[PDB]
file data26.csv (CSV, C-alpha atoms)
chain,number,residue,atom,x,y,z
A,1,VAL,CA,-6.4,-4.1,15.7
A,2,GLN,CA,-7.5,-1.0,13.9
A,3,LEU,CA,-5.9,-1.7,10.5
A,4,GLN,CA,-5.8,-4.9,8.4
A,5,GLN,CA,-3.5,-4.9,5.4
A,6,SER,CA,-3.3,-7.5,2.7
A,7,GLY,CA,-3.2,-7.9,-1.1
A,8,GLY,CA,0.6,-8.3,-1.2
A,9,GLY,CA,2.5,-11.3,-2.4
A,10,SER,CA,5.2,-12.2,-4.9
A,11,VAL,CA,4.9,-11.2,-8.6
A,12,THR,CA,7.2,-11.3,-11.6
A,13,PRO,CA,8.8,-8.2,-13.0
A,14,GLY,CA,6.3,-6.2,-15.1
A,15,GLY,CA,3.2,-7.3,-13.1
A,16,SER,CA,0.8,-5.3,-10.9
A,17,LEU,CA,-0.6,-5.7,-7.4
A,18,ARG,CA,-3.4,-4.0,-5.4
A,19,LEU,CA,-2.7,-3.6,-1.7
A,20,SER,CA,-5.6,-3.1,0.7
A,21,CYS,CA,-5.8,-1.4,4.1
A,22,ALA,CA,-9.1,-2.0,5.8
A,23,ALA,CA,-9.8,0.0,9.0
A,24,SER,CA,-12.2,-1.3,11.6
A,25,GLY,CA,-13.1,2.2,12.7
A,26,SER,CA,-16.0,4.4,11.6
A,27,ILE,CA,-16.2,5.7,8.0
A,28,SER,CA,-17.2,9.1,9.3
A,29,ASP,CA,-14.0,9.6,11.2
A,30,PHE,CA,-11.8,9.1,8.1
A,31,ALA,CA,-9.7,12.1,7.3
A,32,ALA,CA,-6.8,10.7,5.2
A,33,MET,CA,-4.9,7.5,4.4
A,34,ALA,CA,-1.2,7.7,3.5
A,35,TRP,CA,1.0,4.9,2.0
A,36,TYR,CA,4.8,4.4,2.6
A,37,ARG,CA,7.4,2.0,1.2
A,38,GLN,CA,10.3,0.7,3.2
A,39,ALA,CA,12.9,-1.1,1.1
A,40,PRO,CA,15.0,-3.7,3.0
A,41,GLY,CA,17.2,-1.5,5.3
A,42,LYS,CA,16.1,1.8,3.9
A,43,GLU,CA,14.0,4.4,5.6
A,44,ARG,CA,10.1,4.5,5.4
A,45,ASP,CA,9.4,6.6,2.3
A,46,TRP,CA,6.1,8.3,1.6
A,47,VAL,CA,4.3,7.4,-1.6
A,48,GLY,CA,1.0,9.2,-1.5
A,49,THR,CA,-2.2,10.1,0.3
A,50,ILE,CA,-5.9,10.1,-0.3
A,51,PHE,CA,-8.1,12.6,1.6
A,52,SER,CA,-11.7,12.1,2.7
A,53,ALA,CA,-13.2,14.5,0.1
A,54,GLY,CA,-11.3,12.5,-2.5
A,55,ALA,CA,-8.2,14.6,-3.3
A,56,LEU,CA,-5.2,12.6,-4.3
A,57,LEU,CA,-1.6,13.5,-3.3
A,58,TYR,CA,1.4,11.9,-4.9
A,59,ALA,CA,5.1,12.1,-4.1
A,60,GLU,CA,7.3,13.6,-6.8
A,61,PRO,CA,8.8,10.2,-7.9
A,62,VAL,CA,5.5,8.4,-8.6
A,63,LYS,CA,4.7,10.0,-12.0
A,64,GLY,CA,1.6,7.9,-12.6
A,65,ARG,CA,2.7,4.4,-11.8
A,66,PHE,CA,0.7,4.0,-8.6
A,67,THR,CA,-3.0,4.7,-8.0
A,68,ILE,CA,-4.6,5.3,-4.6
A,69,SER,CA,-8.4,4.7,-4.3
A,70,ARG,CA,-11.0,4.0,-1.7
A,71,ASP,CA,-13.7,1.3,-1.7
A,72,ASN,CA,-17.2,2.6,-2.0
A,73,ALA,CA,-18.3,1.6,1.5
A,74,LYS,CA,-15.9,-1.1,2.8
A,75,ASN,CA,-13.8,1.5,4.8
A,76,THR,CA,-10.8,0.4,2.8
A,77,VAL,CA,-8.1,2.2,0.8
A,78,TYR,CA,-6.2,0.6,-2.0
A,79,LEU,CA,-2.8,1.2,-3.5
A,80,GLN,CA,-2.6,-0.2,-7.0
A,81,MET,CA,1.0,-0.6,-8.3
A,82,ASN,CA,1.8,-1.3,-11.9
A,83,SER,CA,4.9,-2.0,-13.9
A,84,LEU,CA,6.5,-3.5,-10.9
A,85,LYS,CA,10.3,-4.0,-10.8
A,86,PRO,CA,12.7,-5.8,-8.5
A,87,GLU,CA,13.3,-2.3,-7.0
A,88,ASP,CA,9.7,-2.1,-5.7
A,89,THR,CA,10.4,-5.1,-3.4
A,90,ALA,CA,9.6,-3.6,0.0
A,91,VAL,CA,7.2,-3.6,2.9
A,92,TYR,CA,4.3,-1.2,2.2
A,93,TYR,CA,2.6,0.5,5.2
A,94,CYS,CA,-0.7,2.4,5.4
A,95,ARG,CA,-1.3,5.1,7.9
A,96,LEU,CA,-4.8,6.3,8.9
A,97,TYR,CA,-5.6,9.8,10.1
A,98,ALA,CA,-9.1,9.7,11.6
A,99,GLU,CA,-10.2,10.2,15.2
A,100,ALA,CA,-6.6,9.0,16.1
A,101,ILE,CA,-3.5,8.3,13.9
A,102,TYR,CA,-2.7,4.6,13.3
A,103,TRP,CA,0.1,2.7,11.5
A,104,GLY,CA,-0.6,-0.5,9.7
A,105,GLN,CA,1.6,-3.6,10.3
A,106,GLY,CA,2.9,-3.6,6.7
A,107,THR,CA,2.5,-5.8,3.7
A,108,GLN,CA,5.5,-7.4,2.0
A,109,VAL,CA,5.8,-7.2,-1.8
A,110,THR,CA,8.5,-9.1,-3.6
A,111,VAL,CA,9.1,-8.6,-7.3
A,112,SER,CA,11.3,-11.4,-8.7
A,113,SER,CA,11.5,-14.0,-11.4
A,114,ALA,CA,11.2,-16.5,-8.6
A,115,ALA,CA,7.6,-15.4,-8.2
A,116,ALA,CA,7.0,-17.8,-11.1
A,117,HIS,CA,8.1,-20.7,-8.8
A,118,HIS,CA,5.1,-22.2,-7.1
A,119,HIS,CA,6.2,-25.7,-5.9
A,120,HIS,CA,6.0,-24.7,-2.3
A,121,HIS,CA,2.3,-24.3,-2.7
A,122,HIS,CA,1.2,-27.1,-5.0

call {"tool": "encode", "arguments": {"input": "data26.csv", "output": "structure tokens"}}
result
Amino acid sequence: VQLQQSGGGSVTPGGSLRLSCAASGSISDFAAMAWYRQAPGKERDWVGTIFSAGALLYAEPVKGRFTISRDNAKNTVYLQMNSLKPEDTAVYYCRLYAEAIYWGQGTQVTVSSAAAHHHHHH
């Protein structure tokens, strides 16, 4: 597999998360990494993109709530998401444009008061 996504989970309204998309390919082939959000039965909706030389492209609705960054040298891009609301519950996908174009397998984010319920774990 080319892309490994993680950093998702369940968080209460108001919280933040930082999704990660790690590519197994070479850092020199990186051209851009875009992020998309797909709410339950909704269409995949583009959120933003980071380019190799570091420019940051954000969709009109984002208005500063989400931050795209790249690890120094772990060939990984991050999407930090703040002030989460139940409406942000979705599967978040990264897409890499390098030597070839690849989709990630998605990361589920759930924003709910039930994120404060941990008895299944402990």

call {"tool": "residues_around", "arguments": {"input": "data26.csv", "residues": "segment 88-102 of chain A", "least_positions_apart": "4", "cutoff": "7 Å", "atoms": "all atoms listed in the file", "output": "ChimeraX atom specification"}}
result
/A:21,29-40,84,106-111

call {"tool": "write_last_selection", "arguments": {"input": "data26.csv", "atoms": "C-alpha atoms", "output": "PDB file, keeping the file's coordinate frame"}}
result
ATOM      1  CA  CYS A  21      -5.800  -1.400   4.100  1.00  0.00           C
ATOM      2  CA  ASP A  29     -14.000   9.600  11.200  1.00  0.00           C
ATOM      3  CA  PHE A  30     -11.800   9.100   8.100  1.00  0.00           C
ATOM      4  CA  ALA A  31      -9.700  12.100   7.300  1.00  0.00           C
ATOM      5  CA  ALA A  32      -6.800  10.700   5.200  1.00  0.00           C
ATOM      6  CA  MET A  33      -4.900   7.500   4.400  1.00  0.00           C
ATOM      7  CA  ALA A  34      -1.200   7.700   3.500  1.00  0.00           C
ATOM      8  CA  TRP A  35       1.000   4.900   2.000  1.00  0.00           C
ATOM      9  CA  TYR A  36       4.800   4.400   2.600  1.00  0.00           C
ATOM     10  CA  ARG A  37       7.400   2.000   1.200  1.00  0.00           C
ATOM     11  CA  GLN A  38      10.300   0.700   3.200  1.00  0.00           C
ATOM     12  CA  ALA A  39      12.900  -1.100   1.100  1.00  0.00           C
ATOM     13  CA  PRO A  40      15.000  -3.700   3.000  1.00  0.00           C
ATOM     14  CA  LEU A  84       6.500  -3.500 -10.900  1.00  0.00           C
ATOM     15  CA  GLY A 106       2.900  -3.600   6.700  1.00  0.00           C
ATOM     16  CA  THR A 107       2.500  -5.800   3.700  1.00  0.00           C
ATOM     17  CA  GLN A 108       5.500  -7.400   2.000  1.00  0.00           C
ATOM     18  CA  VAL A 109       5.800  -7.200  -1.800  1.00  0.00           C
ATOM     19  CA  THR A 110       8.500  -9.100  -3.600  1.00  0.00           C
ATOM     20  CA  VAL A 111       9.100  -8.600  -7.300  1.00  0.00           C
TER      21      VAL A 111
END

call {"tool": "atom_distance", "arguments": {"input": "data26.csv", "atom1": "atom CA of residue 114 of chain A", "atom2": "atom CA of residue 7 of chain A"}}
result
18.4 Å

call {"tool": "closest_residue", "arguments": {"input": "data26.csv", "among": "A:67, A:6, A:28, A:16", "to": "residue 53 of chain A", "atoms": "all atoms listed in the file"}}
result
A:28

call {"tool": "residues_around", "arguments": {"input": "data26.csv", "residues": "residue 116 of chain A", "least_positions_apart": "3", "cutoff": "12 Å", "atoms": "only C-alpha atoms", "output": "MDAnalysis selection string"}}
result
chainID A and resid 9:13 15 110:113 119:121

call {"tool": "atom_distance", "arguments": {"input": "data26.csv", "atom1": "atom CA of residue 5 of chain A", "atom2": "atom CA of residue 19 of chain A"}}
result
7.3 Å

call {"tool": "atom_distance", "arguments": {"input": "data26.csv", "atom1": "atom CA of residue 22 of chain A", "atom2": "atom CA of residue 57 of chain A"}}
result
19.5 Å

call {"tool": "closest_residue", "arguments": {"input": "data26.csv", "among": "A:73, A:55, A:68, A:115", "to": "residue 23 of chain A", "atoms": "all atoms listed in the file"}}
result
A:73

call {"tool": "residues_around", "arguments": {"input": "data26.csv", "residues": "residue 65 of chain A", "least_positions_apart": "5", "cutoff": "12 Å", "atoms": "all atoms listed in the file", "output": "NGL selection string"}}
result
:A and (14-17 or 47-48 or 58-60 or 79-85 or 88)

call {"tool": "closest_residue", "arguments": {"input": "data26.csv", "among": "A:69, A:49, A:2, A:75", "to": "residue 27 of chain A", "atoms": "only C-alpha atoms"}}
result
A:75

call {"tool": "build_atoms", "arguments": {"input": "data26.csv", "residues": "segment 93-112 of chain A", "atoms": "N, CA, C and O atoms", "output": "PDB file, in the coordinates of the input"}}
result
ATOM      1  N   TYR A  93       3.364   0.195   3.939  1.00  0.00           N
ATOM      2  CA  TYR A  93       2.600   0.500   5.200  1.00  0.00           C
ATOM      3  C   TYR A  93       1.519   1.501   4.850  1.00  0.00           C
ATOM      4  O   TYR A  93       1.766   2.473   4.142  1.00  0.00           O
ATOM      5  N   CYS A  94       0.327   1.305   5.393  1.00  0.00           N
ATOM      6  CA  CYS A  94      -0.700   2.400   5.400  1.00  0.00           C
ATOM      7  C   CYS A  94      -0.670   3.079   6.715  1.00  0.00           C
ATOM      8  O   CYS A  94      -0.245   2.530   7.735  1.00  0.00           O
ATOM      9  N   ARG A  95      -1.161   4.310   6.704  1.00  0.00           N
ATOM     10  CA  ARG A  95      -1.300   5.100   7.900  1.00  0.00           C
ATOM     11  C   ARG A  95      -2.583   5.894   7.836  1.00  0.00           C
ATOM     12  O   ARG A  95      -2.787   6.670   6.889  1.00  0.00           O
ATOM     13  N   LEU A  96      -3.437   5.701   8.823  1.00  0.00           N
ATOM     14  CA  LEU A  96      -4.800   6.300   8.900  1.00  0.00           C
ATOM     15  C   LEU A  96      -4.770   7.503   9.809  1.00  0.00           C
ATOM     16  O   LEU A  96      -4.326   7.411  10.962  1.00  0.00           O
ATOM     17  N   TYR A  97      -5.345   8.593   9.306  1.00  0.00           N
ATOM     18  CA  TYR A  97      -5.600   9.800  10.100  1.00  0.00           C
ATOM     19  C   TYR A  97      -7.091   9.878  10.176  1.00  0.00           C
ATOM     20  O   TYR A  97      -7.763  10.157   9.193  1.00  0.00           O
ATOM     21  N   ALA A  98      -7.630   9.626  11.359  1.00  0.00           N
ATOM     22  CA  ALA A  98      -9.100   9.700  11.600  1.00  0.00           C
ATOM     23  C   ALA A  98      -9.286  10.367  12.913  1.00  0.00           C
ATOM     24  O   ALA A  98      -8.852  11.493  13.119  1.00  0.00           O
ATOM     25  N   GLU A  99      -9.970   9.677  13.823  1.00  0.00           N
ATOM     26  CA  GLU A  99     -10.200  10.200  15.200  1.00  0.00           C
ATOM     27  C   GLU A  99      -8.806  10.189  15.915  1.00  0.00           C
ATOM     28  O   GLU A  99      -8.530  11.070  16.721  1.00  0.00           O
ATOM     29  N   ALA A 100      -7.992   9.176  15.617  1.00  0.00           N
ATOM     30  CA  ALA A 100      -6.600   9.000  16.100  1.00  0.00           C
ATOM     31  C   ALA A 100      -5.765   8.576  14.900  1.00  0.00           C
ATOM     32  O   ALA A 100      -6.285   8.271  13.831  1.00  0.00           O
ATOM     33  N   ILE A 101      -4.448   8.631  15.046  1.00  0.00           N
ATOM     34  CA  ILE A 101      -3.500   8.300  13.900  1.00  0.00           C
ATOM     35  C   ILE A 101      -2.997   6.849  14.190  1.00  0.00           C
ATOM     36  O   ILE A 101      -2.516   6.557  15.277  1.00  0.00           O
ATOM     37  N   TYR A 102      -3.046   5.985  13.172  1.00  0.00           N
ATOM     38  CA  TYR A 102      -2.700   4.600  13.300  1.00  0.00           C
ATOM     39  C   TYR A 102      -1.774   4.142  12.197  1.00  0.00           C
ATOM     40  O   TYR A 102      -2.050   4.446  11.034  1.00  0.00           O
ATOM     41  N   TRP A 103      -0.764   3.353  12.526  1.00  0.00           N
ATOM     42  CA  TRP A 103       0.100   2.700  11.500  1.00  0.00           C
ATOM     43  C   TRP A 103      -0.415   1.293  11.288  1.00  0.00           C
ATOM     44  O   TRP A 103      -0.815   0.589  12.216  1.00  0.00           O
ATOM     45  N   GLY A 104      -0.355   0.868  10.041  1.00  0.00           N
ATOM     46  CA  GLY A 104      -0.600  -0.500   9.700  1.00  0.00           C
ATOM     47  C   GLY A 104       0.652  -1.390   9.949  1.00  0.00           C
ATOM     48  O   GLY A 104       1.783  -0.906  10.081  1.00  0.00           O
ATOM     49  N   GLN A 105       0.428  -2.709   9.949  1.00  0.00           N
ATOM     50  CA  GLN A 105       1.600  -3.600  10.300  1.00  0.00           C
ATOM     51  C   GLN A 105       2.423  -3.902   9.057  1.00  0.00           C
ATOM     52  O   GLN A 105       3.511  -4.462   9.229  1.00  0.00           O
ATOM     53  N   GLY A 106       2.097  -3.389   7.885  1.00  0.00           N
ATOM     54  CA  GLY A 106       2.900  -3.600   6.700  1.00  0.00           C
ATOM     55  C   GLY A 106       2.491  -4.789   5.902  1.00  0.00           C
ATOM     56  O   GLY A 106       1.962  -5.769   6.431  1.00  0.00           O
ATOM     57  N   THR A 107       2.754  -4.717   4.601  1.00  0.00           N
ATOM     58  CA  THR A 107       2.500  -5.800   3.700  1.00  0.00           C
ATOM     59  C   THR A 107       3.782  -5.963   2.804  1.00  0.00           C
ATOM     60  O   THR A 107       4.226  -4.989   2.195  1.00  0.00           O
ATOM     61  N   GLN A 108       4.333  -7.178   2.744  1.00  0.00           N
ATOM     62  CA  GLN A 108       5.500  -7.400   2.000  1.00  0.00           C
ATOM     63  C   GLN A 108       5.159  -7.621   0.506  1.00  0.00           C
ATOM     64  O   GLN A 108       4.243  -8.398   0.200  1.00  0.00           O
ATOM     65  N   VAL A 109       5.883  -6.963  -0.390  1.00  0.00           N
ATOM     66  CA  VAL A 109       5.800  -7.200  -1.800  1.00  0.00           C
ATOM     67  C   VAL A 109       7.158  -7.592  -2.279  1.00  0.00           C
ATOM     68  O   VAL A 109       8.149  -6.928  -1.946  1.00  0.00           O
ATOM     69  N   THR A 110       7.239  -8.704  -3.006  1.00  0.00           N
ATOM     70  CA  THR A 110       8.500  -9.100  -3.600  1.00  0.00           C
ATOM     71  C   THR A 110       8.283  -9.220  -5.126  1.00  0.00           C
ATOM     72  O   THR A 110       7.327  -9.829  -5.601  1.00  0.00           O
ATOM     73  N   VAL A 111       9.153  -8.551  -5.877  1.00  0.00           N
ATOM     74  CA  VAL A 111       9.100  -8.600  -7.300  1.00  0.00           C
ATOM     75  C   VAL A 111      10.375  -9.311  -7.772  1.00  0.00           C
ATOM     76  O   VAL A 111      11.499  -8.818  -7.586  1.00  0.00           O
ATOM     77  N   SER A 112      10.200 -10.496  -8.357  1.00  0.00           N
ATOM     78  CA  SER A 112      11.300 -11.400  -8.700  1.00  0.00           C
ATOM     79  C   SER A 112      10.873 -12.405  -9.718  1.00  0.00           C
ATOM     80  O   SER A 112       9.702 -12.796  -9.754  1.00  0.00           O
TER      81      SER A 112
END
